[PDB]
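Single-letter residue listing:
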There are 2 protein chains.
Amino acid sequence: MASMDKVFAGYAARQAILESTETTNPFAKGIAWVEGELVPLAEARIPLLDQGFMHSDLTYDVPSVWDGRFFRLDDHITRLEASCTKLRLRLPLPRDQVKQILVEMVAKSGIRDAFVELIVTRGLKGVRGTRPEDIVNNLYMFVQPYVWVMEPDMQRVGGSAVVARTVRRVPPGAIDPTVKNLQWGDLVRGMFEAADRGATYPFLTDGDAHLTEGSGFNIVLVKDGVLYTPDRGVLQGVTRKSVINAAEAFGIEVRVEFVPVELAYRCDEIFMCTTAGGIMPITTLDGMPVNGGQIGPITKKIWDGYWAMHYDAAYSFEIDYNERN
Amino acid sequence: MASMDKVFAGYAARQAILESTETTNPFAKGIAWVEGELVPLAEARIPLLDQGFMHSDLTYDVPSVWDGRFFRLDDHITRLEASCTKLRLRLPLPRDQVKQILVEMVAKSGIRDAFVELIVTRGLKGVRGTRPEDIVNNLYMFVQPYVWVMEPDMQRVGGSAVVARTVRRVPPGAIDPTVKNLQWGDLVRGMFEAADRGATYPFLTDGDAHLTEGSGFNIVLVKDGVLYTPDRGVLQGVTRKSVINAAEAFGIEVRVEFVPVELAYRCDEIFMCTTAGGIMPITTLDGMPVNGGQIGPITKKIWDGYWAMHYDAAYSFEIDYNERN
Ligand SMILES: Cc1ncc(COP(=O)(O)O)c(CN[C@H](CCC(=O)O)C(=O)O)c1O
Ligand SMILES: Cc1ncc(COP(=O)(O)O)c(CN[C@H](CCC(=O)O)C(=O)O)c1O
Ligand SMILES: [Ca+2]
Ligand SMILES: [Cl-]
Ligand SMILES: [Cl-]
Ligand SMILES: [Cl-]
Ligand SMILES: [Cl-]
Ligand SMILES: [Cl-]
Ligand SMILES: [Cl-]
Ligand SMILES: [Cl-]
Ligand SMILES: [Cl-]
Ligand SMILES: [Cl-]
Ligand SMILES: [Cl-]
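Residues numbered from 1 in each chain as written, not as in the entry; some residues may be left out. Chains lettered and ligands numbered in written order. Heavy atoms only, no water.

Per the deposited record, the coordinates in this entry were obtained by X-ray crystallography to a resolution of 1.630 Å.

Chain A carries the name AT-OMEGATA in the PDB entry, which gives Aspergillus terreus as its organism. Here the PDB entry's recorded title is "First crystal structure of an (R)-selective omega-transaminase from Aspergillus terreus". Heading Cofactor (unreviewed entry) of the UniProt record for chain A holds this comment: "pyridoxal 5'-phosphate". (UniProt positions renumbered as here; feature names shortened; annotations may be inferred.)

> For this particular structure, what's the right way to read the domain arrangement of chain A?
How big an interface is tends to be expressed through the accessible area that disappears when the partners come together. Residues and elements named next belong to chain A. Splitting chain A by domain gives domain 1 (1–146) and domain 2 (147–325). In this complex, domain 1 contributes 44 residues to the contact, which on the side of domain 2 involves 44 residues. Overall, the association of domain 1 and domain 2 removes approximately 4100 Å² of surface from exposure, summing both partners, and the carbon and sulfur fraction of that is 61%. Of all residues in domain 1, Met1, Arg69 and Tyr146 give up the largest surface area on contact with domain 2, accounting jointly for 20% of the area buried on that side. The interface formed by domain 1 and domain 2 includes 2 salt bridges. With its nearest N and O atoms 2.9 Å apart, the salt bridge here joins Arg156 to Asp5. At the boundary of domain 1 with domain 2, the tally comes to 22 residue pairs in polar contact. For the side of domain 1 that touches domain 2, the leading source of residues is helix 3 (residues 73–87), giving 7 residues. (Domains from an automatic or database assignment. Contact = heavy atoms within 4.5 Å. Buried area = accessible area lost by both parts, 1.4 Å probe. Salt bridge = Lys/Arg side-chain N within 4 Å of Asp/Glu carboxyl O. Polar contact = N/O pair within 3.5 Å; in protein donor to acceptor, adjacent residues only side chain to side chain. Helix = DSSP H or I, 4+ residues; strand = E, 2+ residues; numbered from the N terminus.)

> Sorry, what's going on with the nonpolar core here?
For soluble globular proteins, the rule of thumb is that nonpolar side chains tend to be buried together. Ranked by internal contacts, the top residues of the largest apolar core, which has 100 residues, are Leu48(A) and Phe203(A). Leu87(A), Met105(A), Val179(A) and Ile319(A) belong to the second-largest nonpolar core, a separate cluster that totals 32 residues. (Core = buried A, V, L, I, M, F, W, Y, C linked by side-chain atoms within 4.5 Å. Buried < 20%, exposed > 50% of the residue type's maximum accessible area, 1.4 Å probe, protein only.)

> Whenever I open this one, the relation of the copies chain B and chain A confuses me. Can you help?
A rotation about some axis, followed by a shift along it, carries one copy of the chain onto the other. Superposing chain B onto chain A takes a rotation of 180 degrees plus a shift of 0.0 Å along the axis, which leaves an RMSD of 0.7 Å. Seen this way, the second copy is the image of the first under a two-fold rotation axis. Same-surface contact between copies: 100% of interface residues of chain B are shared with the interface of chain A. (Least-squares fit on C-alpha atoms.)

Put into structure tokens, the structure is as follows:
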């Protein structure tokens, strides 16, 4: 219930070092792997005919680095492989080589707090009209400075959400939300709706009176000392997984189940969770304060627990930035 | 009711001529417009950070050229602008300039039968966390040899379809299907399902016992001299529009309305329609011959009518090759 000052101050200090190197290190603003070559992220290009662009025929995943430590990298690569399997894709390199490249990329960038993305696409030939044996999947990877879906200043007070009414989440029988994907048509609609309504974060329903997820995050409700989070219709987030780990360590019950929309209007606390920002409190919903409008005690406990895990060998490992090896 | 021989023979003759130019015209296999530069299609590259790739945050449209005549180009540009408006995008160049560039591209390629695609993306900055004033949309365009969703020799016989059971169409309240888009998660699932079931084409339902569309085409049923095609849940196809034009000219009623799945099992004829292939008969459905399994008389009449429209000044214009239209 009190790690924010230190977590954010550490980040600010590391950030200041990174920023100072932007004119000397061409990778300080990010680095990409394309067709076996490493290039500054702003200069990275992909073939126009890649079906990842032509029909968003891809999956992706986003591990992260915090304070020079990769967080749950194996979980993210395993989820990527699972997503590939569901799409009949195959990770184009052995996963141990992939890990080695990522660590090399991070080390070269000098970035201590990083957003790391891997993308596997169908390749230069589409599914339609192609012999399955002629299909060759493509891999793209990049590392960039850590991305905040909720900035540190706002995490201190909580953000503003709406339950979206002009859009609902793509259902699993159309697109499987457990397959991480970049088909964000509904999520972008949600972001526009939130903004139109004077808020920031959209919570999308399943179009059947139950909650799913938002534009880049899972949703957790807190009521009478219990956490509630949607089971079906959502990405099985690694942050959400970490929230469950922390809750279990603290003796807090977590129910991963169908969550009726009505619970969002009568719960004690709300937070979002995602790799790109961590634990993100929501203190206004549909223009109304959430139970008084302050960040709640269980949210604070989970917040602290989540960041503590980033230093636990069971969930993280230290990257060697030395040059080299 | 028999224009197939002449239409396909003409195409074959033009294909042979096109092929003979490939060793001397670097654009004969296709040409792309990227950031104001014209490049061979295979060499075209886009920024990795373009949000058209990063979150498929884009719309697109696909006019075509047949026998050196652009087909309904104005309709396609108008639909593109409509799609852009619905996504809060804006065509980055005046539409008259866009048409001029397209004609120039086709002429340089020397392609007489062409698939032409325009893509408008959100640009290098995403909706999330960006000042709306800081967003600059991007334009990509390319011309390639005509693409067949059903090959000419399969159109002579008819194709096999299934009503998909493992996937349904993304509903409009999640992603608006009247906005042409490349978020094909459900459509690719449909293609895999069709293949798994020994058929070529998937027909997707609305997940509520009514038909919508398939993987790159609209669906038309013929029953007792009347055409039926889904109103809601689908792209408002320009080919479908052309089918309606031809049918009205022929005195054939067309009902654009809710089409129950059951009608597909008791109708007299079925065909698919799309810019990438035209009029595409379906003669087996779920492994069962459609009303005897032969291409039907109304399908043939529409087939002929559709291709005749490609030479009709009301619907087309001739491109001036080596001099621009
Ligand atoms: C739809 C969706 N649901 C849930 C999550 C949370 O899952 P995890 O805890 O495994 O991260 C994400 C993460 N999406 C953000 C990217 C969003 C952006 O950059 O705008 C991420 O990959 O972290 C997401 O995109
Ligand atoms: C989902 C969908 N519905 C209907 C249609 C028919 O609409 P129109 O008659 O306006 O073309 C298309 C055409 N999409 C094809 C896909 C091409 C491909 O798969 O390679 C196109 O863009 O021409 C489509 O993609
Ligand atoms: Ca450390
Ligand atoms: Cl530190
Ligand atoms: Cl999974
Ligand atoms: Cl509301
Ligand atoms: Cl999805
Ligand atoms: Cl290791
Ligand atoms: Cl000819
Ligand atoms: Cl089209
Ligand atoms: Cl139109
Ligand atoms: Cl079935
Ligand atoms: Cl769609």
